[PDB]
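Derivation of every value follows stated rules applied to the coordinates shown; laboratory data play no part. Positions of Cβ are backbone-derived with ideal geometry, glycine not excepted, and every protein chain shown enters the neighbour counts.
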Amino acid sequence: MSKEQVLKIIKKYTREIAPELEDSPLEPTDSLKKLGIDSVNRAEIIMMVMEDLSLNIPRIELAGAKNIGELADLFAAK
Amino acid sequence: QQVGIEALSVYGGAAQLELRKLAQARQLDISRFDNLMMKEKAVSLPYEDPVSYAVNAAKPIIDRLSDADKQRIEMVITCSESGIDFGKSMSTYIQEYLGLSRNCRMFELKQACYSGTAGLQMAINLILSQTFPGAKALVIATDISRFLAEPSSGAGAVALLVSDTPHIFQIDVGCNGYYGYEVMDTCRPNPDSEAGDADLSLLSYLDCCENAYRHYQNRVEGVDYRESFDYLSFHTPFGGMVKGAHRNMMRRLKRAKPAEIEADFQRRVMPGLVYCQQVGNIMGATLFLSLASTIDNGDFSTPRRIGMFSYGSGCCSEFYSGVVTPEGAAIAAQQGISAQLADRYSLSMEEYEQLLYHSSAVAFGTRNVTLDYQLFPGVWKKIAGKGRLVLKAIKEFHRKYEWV
């Protein structure tokens, strides 16, 4: 239910969607885009995290995060 | 009552660019466009515009009507986000060059890529209103991507004749769900331009895809997202995104496992993507192209129901449905869409880039221009003698077209 807790869930699905990042160090400063994961898969990660936290809100409320840290915050606030 | 699409015809351009050439020229690996299921995009010449696209899409329909049936067309709706005037609808030019009756309502409809569906629904309601029994409507979605976003944005038009004898697509009357709200996902706040956010646009599409369908489900008792639809056609900015939307729907509505989702994707969704991959995103016409593609590439040995999802940035969306019979599928096949698409000129990268540079001479607001048809002689060789409309000139803002 906290930022760092959520940020761990985000890293899991990211590695799971993009397997070559499995051993890669992931900072709160990292952008899924620069990592570089395409838009369909960024959305896919977001929806996996939403369902992980069973968080049933519009998906557009998770848009606008410039890195996975900012996305952790965004999730934390819901 | 009976209502739907009596006839459907497509124009997917005279030229196209193979996206592999674009990837190579931009140092990207091919696998990214392959990943997103993009193959080719149709590309508009400077002597083509949304009007000429619309006329060329609609011409085969009109050519097959008797004089009497042609005069029964009493509404022309042009559905576009590539308009040429703040007030004059493209429908006036279309009526002129197809020779339609002067006793005809004419206007143009805008709501990004939802425009086509909105036009179709208004046409359906004209027929169902029974205000003028026997009246037909001609609905043409036409769009061009005039750059002065890029790999996915094509050019094309799809013309629908709508009547009470729906030989091609029989509408499920009242089976409609819709959903919209104001959102800045993509917009076109300047001519020959587009602004927005890829991610927000995708997430909004997915929200609408779920909510519009839920509204349909609430209205249509006992529908099942797998069992009630033999095929599904979607507004398709690119195939990979439709695959993601369908995956999300199957996961949520049916709790399907990944392997079964992928099998279901190949069976019900891939047929509609075939022509989409050959033209790119054609905006409001793209869902109609997917319907045409589903019809030509799917199995219609018995009647089938097709689910349709329309989305337009800004945004608004609709899920609706209809039935195609074996006879309707055979009529659609006589259109030869696949052969038309394969016969287009295949642009080199040098040509494509020259083409972009030259498209400036016909930007929005152009007052006078005289087109050089010999910009690309080999492209002209593919247009001449086929009975295509082209843009010849603009004179004091008046657009002049020519059959060639």
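Here are the numbers:
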item	result
Net charge over other residues, Cβ less than 12 angstrom from the Cβ of A:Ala63 (K, R count +1; D, E count -1)	-3
Trypsin sites (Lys or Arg not before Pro) restricted to the stretch A:1-65 and DSSP loop, no more than 13 other C-beta within 10 Å	A:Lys34
Environment charge of B:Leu371, counting only residues whose C-beta is closer than 12 Å and scoring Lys/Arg +1, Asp/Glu -1	0
Exposure proxy order (Cβ contacts within 10 Å, fewest to most) of B:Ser301, B:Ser91, B:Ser290	B:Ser301, B:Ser91, B:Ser290
Anisotropy class of the stretch B:174-325 from Cα gyration tensor, a/c 1.5 cut	prolate
Sum of side-chain charges, B:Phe300 neighbourhood, beta-carbon under 13 Å (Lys, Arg +1; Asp, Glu -1)	-2
Reach of A:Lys11 by Cα under 23 Å, taken over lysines that are not fewer than 8 positions away in the same chain	A:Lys3, A:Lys33, A:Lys34, A:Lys66, A:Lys78, B:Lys257
Quotient of Cα Rg and 2.2 N^0.38 Å for chain A, N being how many residues it contains	0.97
Protection proxy ranking of B:200-206, B:57-63 - average other beta-carbon atoms within 10 Å, highest first	B:200-206, B:57-63
Cα gyration tensor, chain B - rounded (a/c under 1.5), prolate or oblate	oblate
Among beta bridges that DSSP assigns inside chain B, antiparallel share in %, nearest 5	70
Of the GluC sites (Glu not before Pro) in chain A, those whose Cβ has at most 13 other Cβ within 10 Å and which sit in DSSP loop	A:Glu22
Pairwise centroid distance, computed over Cα atoms, of the stretch A:1-56 with the stretch A:60-78, Å	11
Three-way shape label, the stretch B:110-223, alpha-carbon gyration tensor, a/c 1.5	oblate
Neighbour-count order for B:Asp224, B:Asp85, B:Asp164, fewest beta carbons within 10 angstrom listed first	B:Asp224, B:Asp85, B:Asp164
Kirkwood Rh and Cα Rg combined as Rg over Rh, evaluated for the stretch B:60-122	0.99
Separation of the B:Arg64 and B:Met349 label points, Cα + 7 Å toward Cβ, nm	4.1
Hydrodynamic radius by Kirkwood, which averages 1/r over all alpha carbon pairs of the stretch B:17-71, in angstrom	14.3
Distribution of pairwise C-alpha distances over the protein assembly as shown, 20 Å bins, in %	24, 56, 20, 1
Loop sites in the stretch B:215-290: GluC sites (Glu not before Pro), DSSP, at most 13 other Cβ within 10 Å	B:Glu221, B:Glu227
Alpha-carbon centroid distance for the pair the stretch B:224-259 / the stretch B:350-389, whole angstrom	39
